[PDB]
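Tertiary structure, described
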Amino acid sequence: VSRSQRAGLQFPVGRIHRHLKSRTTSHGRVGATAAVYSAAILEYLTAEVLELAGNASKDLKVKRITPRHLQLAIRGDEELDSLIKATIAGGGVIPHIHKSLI
Amino acid sequence: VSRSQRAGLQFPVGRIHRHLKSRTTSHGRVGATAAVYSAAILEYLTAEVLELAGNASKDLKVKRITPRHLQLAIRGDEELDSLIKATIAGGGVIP
Amino acid sequence: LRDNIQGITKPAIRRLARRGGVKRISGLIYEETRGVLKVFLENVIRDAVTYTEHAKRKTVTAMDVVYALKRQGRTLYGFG
Amino acid sequence: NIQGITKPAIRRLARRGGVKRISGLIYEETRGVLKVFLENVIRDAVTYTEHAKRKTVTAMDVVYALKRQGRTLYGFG
Amino acid sequence: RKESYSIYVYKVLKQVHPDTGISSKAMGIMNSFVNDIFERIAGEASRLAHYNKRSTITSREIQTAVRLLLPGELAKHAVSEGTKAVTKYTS
Amino acid sequence: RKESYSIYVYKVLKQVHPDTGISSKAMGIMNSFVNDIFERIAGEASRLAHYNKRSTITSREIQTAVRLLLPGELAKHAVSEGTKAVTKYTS
Amino acid sequence: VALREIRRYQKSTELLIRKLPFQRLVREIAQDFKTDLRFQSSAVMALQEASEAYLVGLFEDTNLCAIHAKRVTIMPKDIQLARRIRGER
Amino acid sequence: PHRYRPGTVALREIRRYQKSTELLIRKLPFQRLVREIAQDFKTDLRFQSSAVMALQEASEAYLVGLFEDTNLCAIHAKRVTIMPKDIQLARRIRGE
DNA sequence: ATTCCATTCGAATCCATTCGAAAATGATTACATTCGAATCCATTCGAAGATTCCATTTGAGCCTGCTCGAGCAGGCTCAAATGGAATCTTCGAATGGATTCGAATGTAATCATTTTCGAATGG
DNA sequence: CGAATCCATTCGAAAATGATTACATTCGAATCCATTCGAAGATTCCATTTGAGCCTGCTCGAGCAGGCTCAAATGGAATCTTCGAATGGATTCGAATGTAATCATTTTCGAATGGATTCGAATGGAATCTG
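This deposited entry lists cryo-EM as its structure determination method and 3.05 Å as its resolution.

The name the PDB entry gives chain H is Histone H3.2, with Homo sapiens as the organism. Its UniProt record gives chain H a comment under Sequence similarities, which states: "Belongs to the histone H3 family."

If you want it as structure tokens, here you go:
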């Protein structure tokens, strides 16, 4: 009868509630339905990134995910590239050669 | 005797203490000298900017201060330009 | 309201370019300038309308625009 | 010790960047740029270390300094 | 003791790709990504609550923060998922 | 009623230039500048306090926040001023 | 005469786009997000100031790019390169 | 005496170094440089290995991005050779 | 005809997924009380018209300065081969500084009065 | 000349004093990792010279596209008028969150190994520079 099972998620709801209640300045209350929204958002984004990375890995005939596949999946999608502007340690760069150099 | 008078300042110490207390997450305490430090820093920065703008106004033979003077003073100094990158409504451009 | 982007005439673009420090201007600059202005305005107005809608209002105030500008990284002094 | 970043290393970085031909005065410019960047980051890393009353520079000070500069890094914490 | 998001990331991965594995460094990158996104959303929600002179954080603040932070065609799906989850939780 | 930093800015201006006035628009500019700087310092101090697992904000946090944000010589000068005030307060 | 205009328009501080056309354009753009909206004069003024500052900075960078390629005439190539290096698109 | 015309091996190394994911600067010289630079802020410091590795990763990413911008600027002026003026223009436009 | 490289077979090597033990920590029940909806009413305030001088914009023509394409010569970066430094790997004591656990203090938040001050309105 | 800046004033909203508690931070020890230091060796990167051809900078002729001048008309400014649309403040109430005990999960840390993943060959499939 956990709250995540009631909502139908995998990410926790009690822990997210506890984390939200510690960053609300002074005398700030947190409703019980903000945690459900936050957990759903995080799960959706995680599923999107993992799906793209798994497709990129399967394109190369391997059975595991590495930071190279994460970088390849992220940089190939416009929305994910716009949202994530951080440095992935171990990804390299996407191959691309200018037309006038060949 | 006000706390500002004890510290020798013009900016308020009680008001800044109250403002700082409304930013601490959950059960967060604030000291008594944090307000004094913050007031001193704010007063110093304000005095520097006002001094530069007044010098520019004296250069331009105007008794008053306008946003043009503020823009001229801010963009003419390396560190003030580095710190302040906002847009001043009524300044124009530097030749 | 239709084709209101053509009210940003050629002289206005010429004046902005002159203040920028430009000596000669090509004849195809105006369409590019209109496009970039449209994109900028669309982003900022979208954020301002979101801020207005959250507060259950029907009027767009100056503070919504100030917050929307600060979100992008274009802080503006003198309006709020 | 800035001469330990050799010319072939700069050539390899340029190749990964996509450069086909390189001039002869690029290397000193690259060395100066790298020195400036490193100084800027290490200043804040050491400030973060000193605030905590420590003598060892950890990976989290570097991560925090990079996030402050606007160069977030994923993988070290 | 120390807490992380590894269990749930592995659960989601086994949900979407039932025959593909993950490594340790990719796991660290995923943890960093989740923490960063959570911090962004929480900060925006706190600011939104402060602007209107409120004290309580609700699902309206989270929805507005998601709309302000995420790029288009990602805000719609995220808002739909959150609304569905809240509606199921309440009933 | 609303609060503002007009009186203190006027006092400082009369301290530096005893014969110069200031208009309304410049006063608005200065108010915005002061609020911006205060919010920056407060946020950085809160982050510094959180990183070290502590709950109290002291003058050490303010000093380090000033060291991080202000560039070059400014920071040095600022620090001196602040320190002086504290020594005149406790005694 | 091209330098006289630069000297004249770099010293002033007023706005360079007419007010009524810009207000009409702002309303037409905002029509796509919500119908039956209202504005304040301060909102339109803030938008105009921000737009003018953005365009002036962009034109400065464009002039730099034009000078790099041994020219005095600015073309769309320079605008595209300036917006690409800034990471705007 | 087999020889390659100038410009082919360059493309070969471009492909080779864009396909991989490793680090391109050696480790000991970078460690020495980091220590020497940091000795000007506080005397008798100590470094975890992870700090040095994080610094190396950040530096390499920065340099690769800068070289991409430099190549764009060089192509603009109808050239294939990169020169210091391209670096200066790219850094000036980026805000640095 | 000479090199170079995606992709495919062995092989010891490495590592990701299971499996147990046990200590935080959610989830349920029962008060107490902040906190934010729900109606009513004042007043600013933004929108739609009407009426002009006058400044600003827009074609139309002219022509000169600026950009572009082609043939040349010289500056200079690339490709290859030979010595020769110095990074990388592995091993092992010697040493320094984070980190946890008790006690003894330093200090900041919470009521109850009293009083000083700054924000709005005129002039 | 007039549109703006500066000074007088009464009152509520807020800051300063004085006790009182607890709460958080300071001051020794005691491990125990984890960073600095020293030594030896095979080899793989790096530094220097020679030969040479491709890219870069400069001159000349030709076209082309942008700036400058003038006359006519147009659309933005500027000053009331009406009004009806929308904020903003008071006063109940009703919905909802925090706090305190008591379990019973649930997640974290320390070993075990069968499989996906590096070196070492390998000859097929191009790529290339010279004819």
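From this point, the discussion proceeds with the structure in view.
1. Here's the deal with the overall build of chain A
Scanning chain A from terminus to terminus reveals five helices and three strands. Of the regular secondary structure in chain A, the N- to C-terminal order runs α-α-β-α-β-α-α-β. Over its C-alpha trace chain A gives a radius of gyration of 19 Å, far above what one expects of a compact globule, namely 13 Å for 102 residues. In chain A, the share of contacts with a sequence separation of at least 24, taken over all contacts with a separation of at least 6, comes to 27%. Surface exposure of chain A reaches about 5,000 Å², of which carbon and sulfur atoms provide 49%. Across chain A, the mean location of the 15 positive side-chain charges is 13 Å away from that of the 8 negative side-chain charges.

2. Observations concerning the packing of helix α3 (residues 33–59) of chain B against helix α1 (residues 6–16) of chain F
Packed helix pairs are specified by the crossing angle of their axes together with the interaxial distance, meaning the distance between the axes. Packing of α3 of chain B against α1 of chain F leaves a shortest axis separation of 10 Å and a crossing angle of 55°. Overall, the two elements α3 of chain B and α1 of chain F adopt an arrangement that is oblique. Remark: the crossing between α3 of chain B and α1 of chain F carries right-handed chirality. Note on element contacts: α1 of chain F touches α3 of chain B through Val-9, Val-12, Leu-13, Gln-15 and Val-16 of chain F, opposite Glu-43, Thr-46, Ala-47, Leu-50 and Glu-51 of chain B.

3. With respect to the packing of aromatic side chains
The final tally for this structure, using the stated rule, is 14 aromatic pairs over all chains. Between the aromatic rings of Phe-11 of chain B and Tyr-5 of chain F, the centroid separation amounts to 5.7 Å while the plane-to-plane angle is 15°, which identifies the pairing as stacked. Placement of the pair is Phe-11 of chain B in the loop between α1 (3–7) and α2 (14–21) and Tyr-5 of chain F in the segment before α1, with the two residues belonging to separate chains. Residue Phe-11 of chain B is classed as buried on the basis of its relative accessible area of 0%. Ring geometry for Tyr-67 of chain C versus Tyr-51 of chain E: centroids 4.2 Å apart, planes at 5°, classification stacked. With one member in each of two chains, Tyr-67 of chain C in helix α3 (residues 62–72) and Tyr-51 of chain E in helix α2 (residues 24–51) form a pair that bridges those chains. Positioned above the aromatic ring of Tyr-4 of chain H is the side chain of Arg-12 of chain H, whose terminal nitrogen or guanidinium carbon lies 5.0 Å from the ring centre. Sitting over the ring of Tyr-17 of chain H, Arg-16 of chain H keeps its end group 5.5 Å from the ring centre.

4. Focus: the interface of chain F and chain B
Listed as interface residues are 49 residues of chain F and, on the opposing side, 51 residues of chain B. Taking both sides of the interface into account, the surface hidden between chain F and chain B amounts to around 5,000 Å²; carbon and sulfur atoms contribute 70%. If you look at where chain F meets chain B, you find two salt bridges. Between chain F and chain B we count eleven residue pairs in polar contact in total. Residue assignment for the side of chain F that touches chain B shows that the elements contributing at least two residues are α1, α2 (24–51), β1 (56–57), α3 (59–69) and α4 (73–90) of chain F. Partitioned by chemical class, the residues of the side of chain F that touches chain B number 26 nonpolar, 15 polar and eight charged. Note: strand β1 (residues 29–30) of chain B against β1 of chain F, two bridges, orientation parallel.

5. Description of helix α4 (residues 84–94) of chain H
Buried residues of α4 of chain H: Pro-84, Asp-86, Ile-87, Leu-89, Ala-90 and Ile-93 of chain H, and no others. Taken from the residues just after α4 of chain H, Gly-95 of chain H is the one with a positive phi, measuring 105°.

6. Considering the environment of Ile-37 of chain E
If you trace the backbone, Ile-37 of chain E turns up in helix α2. As for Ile-37 of chain E and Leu-69 of chain E, which are separated by 32 residues in sequence, their C-alpha atoms are 9.8 Å apart. Those residues in contact with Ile-37 of chain E that sit more than four places away from it in its chain are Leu-42, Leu-45 and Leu-83 of chain A.

7. With respect to empty space enclosed by the protein
A full pass over the atoms with the stated rule returns ten cavities of 30 Å³ or more. What the largest cavity holds in volume is close to 70 Å³. As for the largest cavity, its lining consists of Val-49, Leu-70, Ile-74, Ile-84 and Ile-88 of chain A, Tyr-74 of chain D together with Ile-29, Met-30 and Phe-33 of chain E. Broken down by secondary-structure element, the contributors of at least two residues to the lining of the largest cavity are α4 (67–75) of chain A together with α2 of chain E. Sorting elements by how many residues they give to the lining of the largest cavity places α2 of chain E first, with three residues. A per-class count over the lining of the largest cavity returns nine nonpolar, no polar and no charged.

8. Notes on the arrangement of the chains
At the level of C-alpha atoms, the two units chain A and chain C stay apart, their nearest approach being 14 Å. What separates chain C from chain D at the closest point of their C-alpha atoms is a distance of 13 Å, and the two make no contact.

9. A few points about the protein's contact with DNA strand I
Taken together, 49 residues are adjacent to DNA strand I, and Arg-18 of chain A, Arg-11 of chain D, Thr-56 of chain E together with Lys-19 and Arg-32 of chain H come closest. Within the side chain of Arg-15 of chain B, a nitrogen or oxygen atom sits 3.1 Å from a phosphate oxygen of DNA strand I. With respect to DNA strand I, the side chain of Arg-11 of chain D contributes an N or O atom lying 2.7 Å from a phosphate oxygen. The biggest single contributor to the surface near DNA strand I is helix α2 (residues 27–38) of chain H, with three residues. Among the residues making up the surface near DNA strand I, the classes are represented as twelve nonpolar, ten polar and 27 charged.

10. With respect to the interface of chain A and chain E
Listed per partner, the contact involves 50 residues of chain A and 50 residues of chain E. Summed over both partners, the interface of chain A with chain E buries about 4,800 Å², with 72% contributed by carbon and sulfur atoms. When residues of chain A are sorted by the area they lose upon contact with chain E, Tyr-37, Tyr-44 and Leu-83 of chain A head the list and together hold 15% of the total. Counting every contact that joins chain A to chain E gives one salt bridge. For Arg-18 of chain A, the salt bridge is made with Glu-3 of chain E, and the minimal N-O distance between the two is 3.9 Å. Only α1 (3–7), α2 (14–20), β1 (29–30), α3 (34–58), β2 (64–65), α4 and α5 (78–83) of chain A provide two or more residues apiece to the side of chain A that touches chain E. No other element matches the 19 residues that α3 of chain A contributes to the side of chain A that touches chain E. Per-class residue counts for the side of chain A that touches chain E are 25 nonpolar, 13 polar and twelve charged. For β1 of chain A and strand β2 (residues 56–57) of chain E, the ladder comprises two bridges, and the chain directions are parallel. When the bridges of β2 of chain E are listed, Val-30 of chain A appears paired with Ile-57 of chain E.

Cut-offs applied
- Residues numbered from 1 in each chain as written, not as in the entry; some residues may be left out.
- Chains lettered and ligands numbered in written order.
- Heavy atoms only, no water.
- UniProt positions renumbered as here; feature names shortened; annotations may be inferred.
- Helix = DSSP H or I, 4+ residues; strand = E, 2+ residues; numbered from the N terminus.
- Rg over C-alpha atoms; globule rule 2.2 N^0.38 Å.
- Contact = heavy atoms within 4.5 Å.
- Areas by Shrake-Rupley, 256 points an atom, 1.4 Å probe, with all protein chains shown as cover.
- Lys, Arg positive; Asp, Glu negative; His and termini not counted.
- Charge placed at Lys NZ, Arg CZ, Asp CG, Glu CD.
- Axes fitted to C-alpha atoms, helices over the stretch in contact; angles between N-to-C directions.
- Parallel < 35°, antiparallel > 145°, perpendicular 65-115°, else oblique.
- Left-handed = near helix turned anticlockwise from the far one by under 90°.
- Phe/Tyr/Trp six-rings, centres within 6.5 Å; stacked < 30°, edge-to-face > 60°.
- Buried < 20%, exposed > 50% of the residue type's maximum accessible area, 1.4 Å probe, protein only.
- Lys NZ or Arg CZ within 6 Å of the ring centre and 35° of its normal.
- Buried area = accessible area lost by both parts, 1.4 Å probe.
- Salt bridge = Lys/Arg side-chain N within 4 Å of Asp/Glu carboxyl O.
- Polar contact = N/O pair within 3.5 Å; in protein donor to acceptor, adjacent residues only side chain to side chain.
- Nonpolar A, V, L, I, M, F, W, Y, C, P; charged D, E, K, R; others polar.
- Pairing = 2+ DSSP bridges.
- 1 Å grid on protein atoms, 1.4 Å probe; cavity = no way out; pocket = protein on both sides within 12 Å on 5 of 7 lines; lining within 4 Å.
- Points joined across faces, edges and corners; volume = space filled by probe spheres on them.
- Near = heavy atom within 4 Å.

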